[PDB]
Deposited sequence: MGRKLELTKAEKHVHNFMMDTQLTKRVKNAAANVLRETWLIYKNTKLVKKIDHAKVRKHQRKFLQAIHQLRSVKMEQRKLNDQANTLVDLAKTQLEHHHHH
């Protein structure tokens, strides 16, 4: 799926973006601007949770395909796949 891949690339680039910005604003500055940290922490959690959402949808997709494969294999115990 191109849509899912697209979701991953954009979300992953944003995890890099916000991790960098949080680090910069909380370790490479003389005066920590909390307002800025909060903004980037919001964008950081959003990107991390988007990647988690894609991973869960991929596990769902995989089990749907394994269900088709299991049903096909019945035409051939308690084992599955």
Which ranges of the deposited chain go unmodelled, in order along the sequence? 1-19, 96
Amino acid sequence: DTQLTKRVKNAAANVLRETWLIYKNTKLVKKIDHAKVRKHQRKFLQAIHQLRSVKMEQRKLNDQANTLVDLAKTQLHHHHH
From here on, numbers count along this sequence of modelled residues.
Tell me which stretch, 22-30 or 38-46, has the higher mean Cα B-factor listed in the entry. 22-30
Between the two ranges 67-75 and 7-15, the one averaging a larger CA B factor in the entry: 67-75
